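Numbering of ligands and ligand atoms starts at 1, following listing order. Side chains included, hydrogens not; waters and symmetry mates left out as well; all remaining heavy atoms used. Quick note on labels: first sequence line is chain A, next is B, and so on, each numbered from 1.
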Amino acid sequence: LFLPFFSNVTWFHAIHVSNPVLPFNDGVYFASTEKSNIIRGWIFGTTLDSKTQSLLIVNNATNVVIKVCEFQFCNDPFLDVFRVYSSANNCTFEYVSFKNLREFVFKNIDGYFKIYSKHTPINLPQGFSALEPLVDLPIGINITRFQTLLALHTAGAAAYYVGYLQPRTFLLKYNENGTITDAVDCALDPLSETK
Amino acid sequence: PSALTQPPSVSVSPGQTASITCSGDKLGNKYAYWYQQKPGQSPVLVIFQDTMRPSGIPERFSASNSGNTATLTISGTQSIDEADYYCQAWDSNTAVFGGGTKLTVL
Amino acid sequence: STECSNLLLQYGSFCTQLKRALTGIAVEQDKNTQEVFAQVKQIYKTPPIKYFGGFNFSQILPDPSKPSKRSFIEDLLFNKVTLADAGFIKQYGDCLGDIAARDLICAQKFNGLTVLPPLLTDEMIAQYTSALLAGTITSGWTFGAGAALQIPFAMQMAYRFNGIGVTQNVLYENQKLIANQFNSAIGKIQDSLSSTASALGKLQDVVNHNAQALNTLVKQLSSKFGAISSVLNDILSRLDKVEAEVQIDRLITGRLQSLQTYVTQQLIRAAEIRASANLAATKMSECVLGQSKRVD
Amino acid sequence: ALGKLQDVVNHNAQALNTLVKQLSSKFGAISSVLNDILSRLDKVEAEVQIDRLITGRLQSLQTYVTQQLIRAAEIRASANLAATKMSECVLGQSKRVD
Amino acid sequence: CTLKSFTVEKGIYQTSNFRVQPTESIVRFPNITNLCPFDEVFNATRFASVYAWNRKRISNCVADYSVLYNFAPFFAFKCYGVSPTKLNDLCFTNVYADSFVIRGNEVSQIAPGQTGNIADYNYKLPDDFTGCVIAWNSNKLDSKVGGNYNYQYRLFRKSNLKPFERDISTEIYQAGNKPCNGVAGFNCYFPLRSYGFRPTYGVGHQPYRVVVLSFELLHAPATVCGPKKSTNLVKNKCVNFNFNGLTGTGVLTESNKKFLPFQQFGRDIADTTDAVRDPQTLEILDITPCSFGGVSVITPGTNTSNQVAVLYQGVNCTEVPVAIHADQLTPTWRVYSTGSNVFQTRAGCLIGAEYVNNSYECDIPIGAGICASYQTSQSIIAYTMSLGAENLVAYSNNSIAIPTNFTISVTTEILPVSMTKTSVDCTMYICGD
Amino acid sequence: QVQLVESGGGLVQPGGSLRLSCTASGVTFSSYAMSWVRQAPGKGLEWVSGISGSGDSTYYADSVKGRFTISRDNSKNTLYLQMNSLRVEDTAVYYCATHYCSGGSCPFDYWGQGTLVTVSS
Ligand SMILES: *[C@@H]1O[C@H](CO)[C@@H](O)[C@H](O)[C@H]1NC(C)=O
Ligand SMILES: *[C@@H]1O[C@H](CO)[C@@H](O)[C@H](O)[C@H]1NC(C)=O
Ligand SMILES: *[C@@H]1O[C@H](CO)[C@@H](O)[C@H](O)[C@H]1NC(C)=O
Ligand SMILES: *[C@@H]1O[C@H](CO)[C@@H](O)[C@H](O)[C@H]1NC(C)=O
Ligand SMILES: *[C@@H]1O[C@H](CO)[C@@H](O)[C@H](O)[C@H]1NC(C)=O
Ligand SMILES: *[C@@H]1O[C@H](CO)[C@@H](O)[C@H](O)[C@H]1NC(C)=O
Ligand SMILES: *[C@@H]1O[C@H](CO)[C@@H](O)[C@H](O)[C@H]1NC(C)=O
Ligand SMILES: *[C@@H]1O[C@H](CO)[C@@H](O)[C@H](O)[C@H]1NC(C)=O
């Protein structure tokens, strides 16, 4: 499940001057350039009610907390200085651990939530920067929808990109030093299929 | 590589973030090692293989090695972290060190 | 793996007859070269006096300066075809550490695929070509029938002109014009070789086809062929004897088929190469050792 | 002195003998003898072993026939050359060198 | 033995390859001392319902799987992608133990590629599942005289589960087209049903406790390993080695490859492991095959002599194997480099023939211009093949050579015309009668 | 508890000689590659020489090449630094550091207290 080359991604601008749920589809590509630290996690689920189990990912100064309880999420979740959810019961899983382009990939295959990530300094650029695996979570739950958390202390801004993964075949080039330096999206066009 | 360039000194107040840098020709193509030496004390390894910490090193320590520079970031710099930090790499079975940087804690 | 070897013993003589076929092809290559180039009963040499009626042969005659003693044009041709593997000595160290991955030859060698050197070295083949050239330019077609009978080169050219139905006075009265035209044509051959880098496409195609065949054979080792793994050691470490034998049998059948496919294409390609070499030997006999009346 | 013709004879004979010797290969079966497989195993079990033997012997036959076709192509080239030499050396005087 | 004959004609014959043999065996497993907590998985007072099946993570411990036969009276493992008797020889990044209770005739559904109520709505295994399913009868613990109704399964669901997906929802299920409004009606069913496990039930209707162990055998760092003592790490020698269950033979040398922290093994084009991170020192090591090469035997006919010469193909004479003792080098026969003459050709190292400065016609081709012959005291000699005698042609501007006589020559040319015509009765060859 | 103790450091005249000795305790001595690294008062760290685990392979810095010699005794669990022709620039505190390899993947995980070699007239 890759993000197809030259695909149409959405550039969101979230503002709080002193928020619908996004689909998840097969998987998500998430990119953010901002460094205000306003973006501090995501939620995942199907109904985001107490009727179904939902995944919550929240990071902070020196940790990241991941839960799979039955959250009664608020309509507009955000982090205060909860207002993310009102109730949380039946927790089954937990886990604790120029510009800057911070890229993420989330996919949900079998009962494992897989996360890849990459922080790359930029002067969405036009090169190759392969993402490293970060964690895979043995959480077996159904995800169709997701949302981004913000951290509010006042005027707040947050820009991010969302792309969607598709089942693709890629030809990856590993250089002599083990780095993925190039790729071909086989289904992009006739020339890529020839390659 | 052969010359690990390192700033003389970095001044940080308690609770701030220190960022000691180590520069060398394509240092990102080699493993990087960080050592902390205190006055009248032996060196202590805090980072090995770019981003890994030995057991017992505080979790506040972190590092990276991309391009031709490697950086050591002590988040939430405490008074204990005042020390002389070094940067090291291997080349043809020879160890190469950086000049060194004193983390002055305020 | 000894388990795989004992299992492979059960398949009879497939491996030994694959080896026999490849050995036959290898011997046939040397036979092809001998049949093309060893068509001279003596290693003929020209005297140091290098005047032949005004015809310039310096660029196709040997260059004694270089160790190979190849001609200038032979040097250009030698640099136009780049070999994947010459079949010479590869000392330990070329395939150790970080040098092996950047070389497909190391993977081939590690998986039991090797290139054998030709019997005749390039220096010997150049010696044969220079002997043929000396015989032709000093004796015409006489050395192809018996002893080399020396004749002045202009008179030999007159014989050839007679051979195409032109009276010899046409040769003698235009001798400097004819020699200059020949010299200019040789110069054009030189310049074209120095400009075009893919002129010898046929020979490079032979080299490339062999190299790609070996690389395909090496890449076939990562095929599962219906087994749980393409790695024998993982199968042996993960399954006990009885279940491991089924997967090892699947891998053996797949790799056996890969080898038979390779050897069959090698046999067919060797037949094509043998036809080409027979044509080359016929052209050596009838175009170099004599004047041909056969059109084209 | 007639090594070429004897070599043709020997290659054919060796190919047939190799084909005969391949019948003692088990090809992964418990036995290379069909009668022993049929006498020791019930129908369902015997079918797997007989399938292994059938595949092995089928492969041996295809290998034989493929080498035979390639050798026949070589022999046909030799025969065409011999016919040309009969025409141009026996039925006439040839100007072609060698 | 290669020719399957007691007589050998003059020539050169490719025999088996030589190979340096491993001197010792190396085992390298991670430094882990804790025992894995399998007791509390198999010895729970009550197992979970299959719809709400429990998953437990096993990590950072030593797993002895032979003790599982003591905690529960099951008859045998049922494993996938691995055999039960090899588990103690392996390492895994993690282990997950899933436990629940079903009835006996549903146990076949706990397997990759299955369908049924349990496999579709309660617990689903991936098609590429690697792990073991342990199920045993639990009629004496999960059955009651009035029936045990604590164990439940999901009977109704809008869609089948994905592998390893759990659904503890209790929303009313709508079988018809009318809305249900959270009320069990006519086509509105409660999604969960209870087993009624009674001691009098037949075997297929009796409760069974199931433990599913799932793990990963793919190349990755590992924290769960079997009982296996580690030896020391030997470099620069041909050894047998075992790194976290990955076995092989070769020479281990220090590597400059830069593995990322999640990478334990490096693979080459043929998908063979040629680099490994040491599980204890965390250093990167290169793996190279020990030492090998083709061997050819140069013989005159056995009618002439039993003397032979040996060519080590494509090999430095210095790397020609000199390994003492018969267990460090196959084949076990030896030809002394000092005892028999040693000559370096571009085709390899020739042992057993004396090189001479004379040039003869080729008798037995060695390669790269070298040929061998049996000549005079008769011995095998090696030489550079002769192309013929030199002949300076007496060319000048006015000299001609003209024959005064002739020879009538009669020579022979032999050409094959036909080969043996053969016929095969396919059925007789393959099937006899 | 791994412990590296150094000894043999003292004042020497220039052109003199010394033999440093480093002794390891509470660790497998043969499984480690060993190395000598010097630190002058006020200056930085400089790798002097390093020896393989078995001692078969040896490596020296250029500024110390030819002069110094490093050896080890696995029976005594000791590392030796034979020092001769000591020039004035050789004044530094000398540490012995254990490492598993020198191919680039291993750090100096354990360091010694350090011995002083002062050379002057
Ligand atoms: C991306 O999609 C929007 C509508 O969702 C469309 O207006 C826009 O043109 C698309 N971008 C490109 C480059 O086609
Ligand atoms: C690989 O690393 C070496 C080490 O310095 C470097 O010289 C080379 O340029 C690198 N190759 C690539 C493609 O980056
Ligand atoms: C013959 O050819 C060589 C090489 O092209 C050239 O240098 C030389 O001048 C030529 N000699 C004559 C007489 O044309
Ligand atoms: C996941 O949830 C969506 C919406 O609730 C549903 O349509 C889909 O069938 C569910 N998939 C699974 C495997 O439960
Ligand atoms: C064989 O190796 C030695 C050194 O090991 C080298 O000096 C020699 O040139 C090599 N011989 C050939 C033919 O490559
Ligand atoms: C062969 O030549 C070598 C090298 O010149 C010389 O050492 C040796 O004596 C010669 N042997 C014979 C038999 O002429
Ligand atoms: C042959 O002719 C050339 C040029 O015409 C001349 O240089 C040479 O000396 C002549 N040789 C003899 C032997 O007369
Ligand atoms: C020609 O050769 C024959 C036999 O070789 C010989 O008898 C005869 O005398 C020769 N003729 C001359 C003119 O020498």
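Per-residue contacts place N29(B) under 4.0 angstrom from the following atoms of ligand 2 (heavy atoms of the residue considered): 1 (C), 2 (O), 3 (C), 4 (C), 5 (O), 6 (C), 10 (C). The atoms of ligand 2 that sit less than 4.0 Å from any heavy atom of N177(A) are 1 (C), 2 (O), 3 (C), 8 (C), 10 (C), 11 (N), 12 (C), 14 (O). Near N175(A), with a cut-off below 4.0 Å to any heavy atom, the atoms of ligand 2 are 12 (C), 13 (C), 14 (O).
Of the N or O atoms in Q344(E), none lie within a sub-3.5 Å distance of an N or O in ligand 5. When only interatomic distances are considered, the shortest N/O to N/O separation between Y92(C) and ligand 5 does not fall below 3.5 Å.
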- Message: Is there a salt bridge (charged side-chain N to carboxylate O under 4.0 Å, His left out) between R55(E) and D98(E)? Walk through the geometry before answering.
- Response: CA-CA 5 Å; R55(E) 159 160 287 191; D98(E) 307 323; 3.0 Å; yes
- Message: Go through it in stages, so that I can follow the logic: the residues are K90(C) and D85(C), the test is salt bridge (charged side-chain N to carboxylate O under 4.0 Å, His left out), and I'd like the CA-CA distance, side-chain angles, deciding distance and then a yes or no.
- Response: CA-CA 10 Å; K90(C) 298 162 201 295; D85(C) 194 344; 2.9 Å; yes
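Summarising the local packing, CD of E132(A) is surrounded by more than 12 heavy atoms from other residues, nucleotides or ligands at distances under 6.0 Å.
Contact shell of ligand 4 (protein heavy atoms, cutoff 4.0 Å): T46(A), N142(A), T144(A), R157(E), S159(E), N160(E), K162(E), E165(E).
The salt bridge (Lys or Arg N to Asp or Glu O under 4.0 Å) search around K235(E) returns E254(E), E283(E), not counting sequence neighbours. Qualifying salt bridge (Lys or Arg N to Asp or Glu O under 4.0 Å) partners for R166(E), counting only residues two or more places apart in sequence or in other chains: none. By the salt bridge (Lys or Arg N to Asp or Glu O under 4.0 Å) test, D128(E) is found to be paired with no residue, residues two or more places apart in sequence or in another chain being considered.
Side chain to side chain, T47(A) and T52(A) meet the donor-acceptor criterion of an N or O pair below 3.5 Å. If you check the side chains of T120(A) and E103(A), you find no donor sitting under 3.5 Å from an acceptor.
Residue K30(B) does not touch ligand 2, judged by heavy-atom distances below 4.0 Å. Residue-level proximity to ligand 5 for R346(E) is absent, since no heavy atom of it falls below 4.0 angstrom.
Note that the CZ atom of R145(A) and the OG atom of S54(A) stand 9.0 Å from one another [nearest 0.5 Å].
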